[PDB]
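Only one chain is shown below, in structure tokens, and it's the form deposited in one PDB entry.
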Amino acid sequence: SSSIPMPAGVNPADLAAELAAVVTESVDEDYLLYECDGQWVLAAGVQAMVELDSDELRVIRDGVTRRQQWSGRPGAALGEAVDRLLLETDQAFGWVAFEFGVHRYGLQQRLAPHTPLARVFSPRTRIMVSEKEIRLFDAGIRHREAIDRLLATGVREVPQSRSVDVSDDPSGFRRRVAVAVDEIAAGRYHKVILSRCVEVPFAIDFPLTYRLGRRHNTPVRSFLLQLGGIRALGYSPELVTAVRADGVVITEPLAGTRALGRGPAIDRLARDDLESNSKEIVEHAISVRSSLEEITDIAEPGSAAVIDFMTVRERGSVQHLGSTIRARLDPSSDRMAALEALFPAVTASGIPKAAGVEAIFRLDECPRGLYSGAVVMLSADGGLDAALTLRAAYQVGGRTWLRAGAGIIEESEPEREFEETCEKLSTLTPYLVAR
């Protein structure tokens, strides 16, 4: 565990993303870059991988695949495997699918064979980039050498971006929204979040796109990854779960959206609209009530509280009403139970949860996979940090795509909901670097 001062001209996000690119170039390894409270943590190389699927748990290390069957809660299975990783390393990193959340609501029967639930690895090396210093954990001579070369050449200039059209509706989001509105009017549920994919018809450079978008966003967490054939990046607007080593558990429901980034006065008009708009206030209050009910399932009695209520949270191309809910983890619970209790995020699924999540199987493109799941960083001291995976781009096989959604309630209209998806997609769409 050594350290290097940070060069002077240079932003931690830019240097961390460039490192991720340099190390791909040199050593051809998987990685996950996770930004958490001014630390850009590059988890580089896979020492061991835990793959949780609907029908199997695998642990893979140094060639060898151990296969195990599992029953009961997916969080119990994942927790057993991850807690073992964390005997050998201080931190473990990866992603949790939307589909991980469905067991709690009696929907396990619906997942196809081999449906991914989670991928969580211990890195070979961590490099931690912050405003002051670069810290190196377990870096090998080959890696330090290429860090030293990066510092010698400086960061690349980011090229001009290349645009994508989001105005088309190949998946029939507007039709699908109308179906949900009819269901809500008939009393099937109160709210469902539906979404649409947007295809990117060219290959993107994930690290350079990560850098360009980061200059134009203010997320709670961010990530850039290449793991098991998936490339992804995103600017997470809210925590679905964080669990501190001291047992404090946080969740951050966001509900109510307007555009941001359109000019200071226009943005202020929108803010004032949002903060005073009864429809948005009511749905925000309802969302907080639901999140509180969820966190209360894992909380020490009397410990669940709203610590920040209905405040505007600026997130690049959009601004939201947000709250922050806290509790103390009951001694009878654990970090994975806490995740499960809050999964999938109420503000990315629906209310009531079981009916809303089921509507998503019927009325959205499934599996959702990474989208509306979480990107996660777990620590040996008990920590769990789980950023909700929204405002993200993905590449798997020859397919590169974006995905965004909107909360549909009884008085929703397909046009305004499609536009809200455009607003959210604009977190990324002006910032796509080809290659």
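Rigid core here is just the name for the largest C-alpha set that superposes within 1.5 Å across the two forms. In case it trips you up, residue 1 is the first one in the sequence shown, and so on.
The protein also exists as the form deposited in another entry; that form is not presented, and the subsequent description refers to it.
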### Message
Out of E131, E157, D182, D148, I need the residue that shifts by 2 angstroms or more at the Cα between this form and the one not shown, core superposed.
### Response
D148
### Query
Quick one: core overlaid, is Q108 moving 2 Å or more at the Cα between this form and the one not shown?
no
### Query
Relative to the superposed rigid core, does the CA atom of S71 travel 2 Å or more between this form and the one not shown?
no
### Task
Take the rigid core as the frame of reference and indicate whether the C-alpha of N277 shifts by 2 Å or more between this form and the one not shown.
yes
